[PDB]
Amino acid sequence: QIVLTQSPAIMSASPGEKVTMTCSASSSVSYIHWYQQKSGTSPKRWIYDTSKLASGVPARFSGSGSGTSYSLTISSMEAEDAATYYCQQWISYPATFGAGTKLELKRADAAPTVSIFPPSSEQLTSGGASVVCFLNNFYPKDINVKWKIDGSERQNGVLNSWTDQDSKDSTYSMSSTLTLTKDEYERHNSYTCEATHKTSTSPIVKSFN
Amino acid sequence: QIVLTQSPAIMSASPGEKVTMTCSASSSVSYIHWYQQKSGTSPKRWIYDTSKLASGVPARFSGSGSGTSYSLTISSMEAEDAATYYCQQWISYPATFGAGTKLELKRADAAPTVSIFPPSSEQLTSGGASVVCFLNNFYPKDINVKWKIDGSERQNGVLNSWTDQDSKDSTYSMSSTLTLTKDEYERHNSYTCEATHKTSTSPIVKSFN
Amino acid sequence: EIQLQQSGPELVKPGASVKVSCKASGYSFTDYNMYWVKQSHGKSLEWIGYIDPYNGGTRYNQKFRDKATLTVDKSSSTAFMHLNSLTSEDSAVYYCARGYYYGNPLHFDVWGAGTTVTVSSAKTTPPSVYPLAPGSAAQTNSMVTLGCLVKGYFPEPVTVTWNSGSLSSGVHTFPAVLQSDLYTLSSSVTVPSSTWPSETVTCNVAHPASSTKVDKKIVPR
Amino acid sequence: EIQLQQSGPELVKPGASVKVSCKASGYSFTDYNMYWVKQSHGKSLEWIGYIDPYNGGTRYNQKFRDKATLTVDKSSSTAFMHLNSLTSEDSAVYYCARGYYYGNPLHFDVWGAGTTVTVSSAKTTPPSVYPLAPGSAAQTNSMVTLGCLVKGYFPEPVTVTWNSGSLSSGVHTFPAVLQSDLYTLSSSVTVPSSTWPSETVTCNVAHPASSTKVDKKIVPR
Amino acid sequence: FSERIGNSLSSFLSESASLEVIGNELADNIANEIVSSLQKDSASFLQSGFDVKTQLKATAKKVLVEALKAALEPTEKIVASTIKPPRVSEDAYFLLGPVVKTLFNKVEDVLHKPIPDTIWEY
Amino acid sequence: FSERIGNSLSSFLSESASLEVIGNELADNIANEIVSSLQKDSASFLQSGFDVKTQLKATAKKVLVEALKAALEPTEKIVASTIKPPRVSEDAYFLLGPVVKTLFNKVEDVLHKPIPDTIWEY
Ligand code: NA
Ligand code: NA
């Protein structure tokens, strides 16, 4: 019944920057609780009773709020602080949560390590032919990939997959698998993977024949 | 609702004798309270919460209970112990009391000090004539008084009054005033006051002319 | 100290109402409750009702639901009891008491002096006092009993001292007996034959109702 | 320590029911309550209900009043969640959590591992694994990225290690993407050119659903 | 301890126990529980002396009742309002007030803290 | 102290205060009062230390709720019986049980100790 709107939906932060995320409500709440969740993990109790910190939480975290606008703040961003943070309330049944506020880390912009690979004999043995292109350890997240064939194009098979902030370098990665029929594969010779970035006056591209 | 019956209605006791009075109820009670009252005085808190003693209560007092049979007992009767004792309950509304158990002191049998007095000139001035008889310091209480006139009798005017245990000697007293008209008074000559004390085989008697 | 003061006796005409009071002191008037009780015959004790000073709510016994009416005044630290349609059956001594409920059934820790209320259409009449002297002088045993006779007064409360109270030992004052709206009291004193004829004895009487206070020299004859 | 264990993922045919469990240990299973929560998309969190172990009484969200049914068993220190009429909208991750009310609105101090439930009439199909080796070999950098391609399996949970996990640094495993009831995952590894041709590299895969575990030597061409 | 709380209350139906007895024995459990709770918490207290521990079970019990006493009248008003029309049908409130107030009288009796039955009105 | 008890409760009607807020702030008064009650009685306590006095207001407050929790279900049964026919007309109990249990559910919510509404039956 109570709608909790957290903004921004996503948020970047450089180590040391003051971070502040909101959870705007439709009505008032006395107490609130904040939970941290990282990729592939269960939520963790982060801030119980509005401002009390849980067992094993640094002091840079101090979440407050009053009425309908409760917010979480951090004095100094750090690597382990990067995670998704949700707001929760149980003043009124039912219990509701916010949309979620993801917290990323800011790295110097980096260039992707582009790799491309042809199909496998074992796959061609099965009548199928796939071509993969790997775009590892880049920043920021926004990038576009296009595929070409002998100066042509084909969006019938483009399947892209993304990663999240790397635990070690806070970089990203992507996969494009291009699936094709055994016949249409050899029908062409030159196969290419295109990538458009920001620190990339020259679009980075890799191919073969 | 709950009827509290205390027996005996009246009770004598010699100094040092074990005294125990009852309060028979119609139903059960958890707690009970006992009150002491002397002649002409307000009741006093004696034993509250069944067995707790009040500020200014000797230790010889130990009141008990058995659901429906609650009882007050004294190890050693004493002079100051002489009084009327009531049992009280407030388990159910309304709150009720026992009939009351009077507690007298046992004295060696004594003979009454019989005195008799004629009317007063001031009374005869008003047309009235009374004759008084005083029977002081006797024991026990049960005695009879008869009045006679020249060997005759007259119960038309016999007015007797009793006292209670004297604080000092545990003795008693009585008055009989015989009221008469100024005329019927002098119509006779001999006036007599008889005392039928029961340890006085010879009735104690006083008269005049 | 902790003491509950009341009003004096009330002579009230039958079928009238009366409003007795009971003041408190020493403790906090408002923290404890005030209960009211009746005693007929000087024998049987009966609860009427009670009232919470702070809340002001009353609780009555069914028998006296409308006979009795309780009120209070915190300013004076006082509680009152109001009665209506007074009959002979309603004449007795009325006490006021304190209490506090602490889980166990309630008891009474403090009691007032008792207010004796008398219902009677009979008038207030002062007493008639007559002395009593040993008549024949016929037995000079070493202790001569003297007397004092109080007759014909209403209401009942009257006090008797001897030599203005100095003579406290060896006195006997008998309960009065009513006959035709008139109370009849007697008192006696026992003293040695060697004192009274020389030591002027006197008998002190009072009847505040009629405001009557008189003494009587006792003389031999 | 205080830890809440759950059941593993369940592939369930549409329109069927399932009974997941959540066991407790370290603390007193019966003193705290058990709440049940759902997370679709890995984004939105929704409360379903909860149950008092000692009393056994349940409390549901209106949305899941009859969809969900909770039970418990103190013997096993376990709580259960019962579901009916499963739809695509009912496929998500379900958590279990602990709590005890101390006046303030309740929060969640302990969380379970999360049980991922998959509703699909699609069959369990083992995966097909294909390696990825640099063909023209023209990547003469100091670092040659290799790959491993997993195609055609259901349900989704599949694990990928390299050299049986020894190679932990410099790996990238990408989320799978569904197409025609078939999941397709890939992983990569970045290593120096001076190692792989000499150090026989291999890629480890598992698909417990079909109970399928296979490796693949990676070779140059 | 959650047992001692359930056990005492269960004795109203079984044994037809007096309302006074049940309330009296529960305060013991809590006072006994708080007193028993703290001996486990602090060590400076655990060695403070027996005369320092028994007096506690009283101070709690006294405050508990005196608090309960002062808390009765506002509870009726709250109850009254929570059930006073239009919160409930007036045709239904005809059957509620009286029975609510009768049982609330039953309490007014035991604690000897009478509250007039006026709060329940129309 | 009788004031602080009336003040907290009066805030249900005025301010339309949350039921949770009122119950929470009252336990403080008692805990605040018991701690304040004992400082007046014993001297060994008044000199026990500040870290020893605040801990009291807490230890009490926790026990209070835990007692209240364990005490809820037996109360519904008691409440049910004291008002369940033949104590009241069955044609009348048709209007009583539901709303009694409605409010008793409202509590089941806040304390998060649900009780099935079966106790209320026929
Ligand atoms: Na009332
Ligand atoms: Na319920």
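Is there a simple number for the mean count of other chain Cβ atoms within 10 Å of the Cβ of residues in F:17-24, and what is it? Don't skip to the end; give the middle numbers.
Working: counts 0, 5, 2, 7, 3, 2, 1, 4.
That average works out to 3.
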Between the range B:76-106 and the range C:1-66, what is the separation of their alpha carbon centroids in Å? 21 Å
Please arrange F:112, D:207, C:41 by counting, for each residue, the other beta carbons lying within 10 Å of its beta carbon, fewest first. C:41, F:112, D:207
If we count other beta carbons within 10 Å of each Cβ, what is the order of D:45, F:19, fewest first? F:19, D:45
Which distances, shortest first and in nm, link residue E:39 to the matching position in the other copies, using label points set 7 Å out along Cα to C-beta? 2.7
Counting only Cβ atoms, what residue of chain A lies nearest to the axis that sends chain A onto chain B, and how many whole Å off? A:93, 21
Within a 10 angstrom radius of each residue's Cβ in D:141-149, how many Cβ atoms of other chains show up on average? Whole number is fine. 4
Chain D, rotation onto C, residue closest to that axis via Cβ, with its distance in Å: D:103, 13
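Quickly estimate the mean residue ellipticity at 222 nm for the protein assembly as shown, helices only: each DSSP H run with n ≥ 4 gives -39500 (n - 2.57), and the total goes over all residues, rounded to 500.
Numbers: 16 runs with 198 residues, N = 1104.
Value at 222 nm, helices only: -5500 deg cm²/dmol.
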Exceeding 19 Å between C-alpha atoms, which entries from my cross-link table qualify? They are E:62/E:113; C:19/C:123; D:151/D:217. C:19/C:123
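What relative contact order, as a whole-number percentage, does chain B give when Cα pairs under 8 Å and 6 or more residues apart are counted?
Numbers: 472 pairs, mean separation 38.6, N = 209.
Dividing the mean separation by the residue count of chain B yields 18 percent.
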Taking the label point as lying 7 angstrom from Cα along the Cα-to-Cβ axis, what are the distances from residue A:153 to the corresponding position in the remaining copies, in ascending order and in nanometres? 14.7
Quick note on E:11, A:120, ordering by fewest other C-beta atoms within 10 Å, gives E:11, A:120
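Is the shape of the range B:65-118 rounded, prolate or oblate, going by the alpha carbon gyration tensor and its root eigenvalues a ≥ b ≥ c, with a/c under 1.5 for rounded and a/b larger than b/c for prolate?
Working: a/c = 4.85, a/b = 2.11, b/c = 2.30.
The shape class here is oblate.
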Could you tell me the distance between the Cα centroids of the range A:1-46 and the range D:167-221, to the nearest Å? 36 Å
Taking alpha-carbon centroids only, the range A:146-209 lies from the range D:74-134 a number of Å equal to 34 Å
Comparing C:63, C:123, C:13 in a Gaussian network model of chain C (Cα, 10 Å), the one with the largest mean-square fluctuation is C:63
Per residue of E:67-76, other chain Cβ atoms within 10 Å number on average 6
Compute the label-point distances linking residue F:89 to its equivalents in the other copies; points lie 7 Å from Cα along Cα→Cβ; give nm, one decimal, shortest first. 1.3
Check which residues have an amide H placed less than 5 Å from residue C:94's amide H, if you skip close sequence neighbours. C:115, C:116, C:117
Contact order relative to length for chain D, counting C-alpha pairs under 8 Å separated by 6 or more residues, stands in percent at 18 percent
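Starting from the range A:139-190, pick out the trypsin sites (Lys or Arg not before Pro) whose DSSP state is loop and whose Cβ has at most 10 other Cβ atoms within 10 Å.
Values: sites: A:141, A:146, A:148, A:154, A:168, A:182, A:187; in loops: A:141, A:154, A:168.
Sites meeting the loop and neighbour criteria: A:168.
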State which stretch of chain D is the longest one without any exposed GluC sites (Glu not before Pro), exposure meaning a DSSP loop state and at most 12 other Cβ atoms within 10 Å. D:2-198
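Given the pairs E:101/F:77; B:38/B:106; E:57/E:101, which are separated by over 25 angstrom at their Cα positions?
With Cα atoms farther than 25 Å apart: E:57/E:101.
Computed from the coordinates by the stated procedures, all read-outs in this text should not be read as laboratory data. Don't worry about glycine lacking a Cβ; one is built from the backbone with ideal geometry, like all the others, and counts go over all protein chains shown.
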